[PDB]
Amino acid sequence: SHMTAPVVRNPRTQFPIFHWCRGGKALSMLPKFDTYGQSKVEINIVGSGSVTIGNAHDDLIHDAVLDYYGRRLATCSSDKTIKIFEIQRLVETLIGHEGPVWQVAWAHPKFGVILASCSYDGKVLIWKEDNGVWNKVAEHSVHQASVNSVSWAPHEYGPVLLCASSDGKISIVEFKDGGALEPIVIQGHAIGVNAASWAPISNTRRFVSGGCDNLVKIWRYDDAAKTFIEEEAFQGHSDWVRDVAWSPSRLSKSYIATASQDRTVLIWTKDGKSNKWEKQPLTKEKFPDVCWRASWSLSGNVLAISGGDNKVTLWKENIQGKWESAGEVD
Ligand SMILES: [Ca+2]
Ligand SMILES: [Ca+2]
Ligand SMILES: [Cl-]
Ligand SMILES: [Cl-]
């Protein structure tokens, strides 16, 4: 051929995982290599007793999350599967996805022992444990692209899943009658959506999303419109927003953290008695590599960030409203 336009070649990676206590147990996963240059990816589960699950999958692990009673661990992988451990023994491998599984999320226990998974294959699958055995119970297949995140609503809203896709859309669907049958699907972000997370209960129902237009958006359920409408669109990031986290403190003042492949985290806040949002960078300097995941403690408003620095870094706001390092998880 005769090609005058520039042609480039481009390429996939393992990041750390951490979550705050469930059933008394915190979880961490810090990638390492040994002396033979072999990956050693150990999931540590630490209570007030520690258990280590080594090599849960042979391929990349994209998520690892305990259930709310800290009795089960779900891990998911580029190998297209989800593994369920009782915590240790491997109990089941959940087979159904046709591409990498990016995230899993546990439903509130009032609904049962239920896991949602999202995948490159464009599906959200819902799995349920009954009498110690796992079965696929529903499929939510409205996206025409990778589905990058899944999150269950506050249980007061019902068993409702929030899903973000590379097709630019966000879907919100209630699981009922062994199906996912009446979804709301909205155009969320240009190019793609990477994450969406629920606000804590207020009765206005909100969530926040981040995507490939470098924007963070806040959405509210409108009673008159009977759908979710865009309430805020926050500028600040200079590259794709990779994760968004709405702090579960629900006392007056709201906190949202947004993590970006621009190598920064922005903290957005709104005073209880204000309608105005304000932003502050988490850190004075860029992180060494992308910021991939963010999550807040249940109390104390401590922020955990995972990224290509290969660390889980912790952050705490000081008396003067500035963020300081609180160490890192080992
Ligand atoms: Ca797209
Ligand atoms: Ca999250
Ligand atoms: Cl979860
Ligand atoms: Cl969070």
Side-chain angles (χ1 to χ4, degrees), residues 18-20 149 151 153-154 156-157 162 164 170 188-189 193-211 213-222 228-287 290-307 309 312-329:
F18 168 84
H19 71 63
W20 298 95
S149 75
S151 191
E156 292 91 347
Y157 305 171
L162 174 61
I170 297 167
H189 295 254
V193 194
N194 298 314
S197 297
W198 295 97
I201 278 110
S202 189
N203 304 7
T204 302
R205 302 186 179 190
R206 300 189 163 89
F207 65 84
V208 57
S209 59
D213 53 9
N214 308 338
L215 296 173
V216 177
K217 294 178 182 197
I218 297 170
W219 303 86
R220 71 169 174 84
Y221 182 82
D222 186 276
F228 285 90
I229 64 164
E230 193 182 309
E231 189 170 38
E232 304 289 354
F234 296 154
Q235 308 180 353
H237 287 299
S238 61
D239 207 340
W240 294 355
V241 185
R242 282 287 178 185
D243 203 14
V244 299
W246 199 318
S247 175
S249 154
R250 186 55 95 166
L251 35 283
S252 55
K253 188 179 178 172
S254 302
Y255 285 79
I256 299 177
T258 62
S260 172
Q261 66 185 38
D262 69 14
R263 307 162 55 183
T264 70
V265 175
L266 287 170
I267 306 301
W268 311 86
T269 56
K270 194 184 69 62
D271 283 319
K273 301 171 295 291
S274 180
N275 283 342
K276 305 187 178 294
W277 288 90
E278 176 175 351
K279 72 176 164 178
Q280 154 156 237
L282 183 62
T283 59
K284 181 179 170 50
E285 303 301 324
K286 295 190 179 303
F287 284 74
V290 299
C291 294
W292 203 252
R293 301 176 179 124
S295 84
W296 296 99
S297 61
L298 279 149
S299 73
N301 221 47
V302 184
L303 177 63
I305 300 298
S306 284
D309 63 358
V312 178
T313 54
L314 305 172
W315 307 90
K316 289 188 202 164
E317 196 189 355
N318 68 25
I319 281 196
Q320 291 162 16
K322 288 169 271 183
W323 294 87
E324 303 178 314
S325 171
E328 72 180 88
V329 178

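We're numbering straight along the sequence, starting at 1. The figures here come from the full heavy-atom set of this structure, side chains too, leaving out hydrogens, waters and symmetry mates.
- A 4.5 Å side-chain heavy-atom check between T283 and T313 finds every atom pair outside the cut-off.
- Side-chain atoms of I170 and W219, non-hydrogen and from C-beta on, do get closer than 4.5 Å to each other.
- In this structure, the side chains of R220 and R206 come closer than 4.5 Å at one or more pairs of heavy atoms.
- Heavy-atom contacts from other residues, nucleotides or ligands closer than 6.0 Å to CD of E230 number more than 12.
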Exercise for review: Determine, step by step, whether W240 and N214 satisfy the side-chain contact (heavy atoms from CB on, under 4.5 Å) criterion, reporting the C-alpha distance in whole Å, the side-chain angles of both residues, the deciding distance to 0.1 Å, and the verdict.
Suggested key: CA-CA 5 Å; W240 294 355; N214 308 338; 3.7 Å; yes
Check your understanding: What do the steps show when you test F207 against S197 for side-chain contact (heavy atoms from CB on, under 4.5 Å), and what is the final call?
Key -> CA-CA 6 Å; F207 65 84; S197 297; over 6 Å; no
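- Contact annotation: the side chain of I218 approaches that of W277 to within less than 4.5 Å [non-hydrogen atoms, C-beta and beyond].
- Aromatic rings from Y157 and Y221 are positioned such that their centres are separated by 6.0 Å or more.
- When atom types are taken as modelled, the side chain of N194 and the backbone of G210 share no donor-acceptor pair closer than 3.5 angstrom.
- Side-chain N or O atoms of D271 include none that pairs as donor or acceptor with a backbone N or O of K253 at under 3.5 Å.
- Between the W198 side chain and the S151 main chain, a donor and an acceptor come within less than 3.5 Å of each other.
- Residues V216 and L266 form no side-chain contact, since every pair of their non-hydrogen atoms from C-beta on lies 4.5 Å or further apart.
- Enclosure of atom CG in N318 by more than 12 non-hydrogen atoms of other residues, nucleotides or ligands within 6.0 angstrom is indicated.
- Inter-residue side-chain proximity for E317 and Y255 is flagged as met; some heavy-atom pair is nearer than 4.5 Å.
- Between the side chain of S306 and the backbone N or O of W292, no donor-acceptor pair lies under 3.5 Å.
- Around the CD atom of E156, the shell of radius 6.0 Å holds more than 12 heavy atoms that belong to other residues, nucleotides or ligands.
- Test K279, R242, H237 against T258 for side chain to side chain contact (heavy atoms under 4.5 Å, CB included) and you get one pass: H237.
- Listed for the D262 side chain is a donor-acceptor partner under 3.5 Å among the backbone atoms of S238.
- Under a cut-off of 6.0 angstrom, the local environment of NZ in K286 is crowded, with over 12 non-hydrogen atoms contributed by other residues, nucleotides or ligands.
- By the 4.5 Å heavy-atom criterion applied to side chains, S247 and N301 are counted as neighbours.
- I201 has its side chain out of reach of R250: every pair of non-hydrogen atoms, C-beta onward, lies at least 4.5 Å apart.
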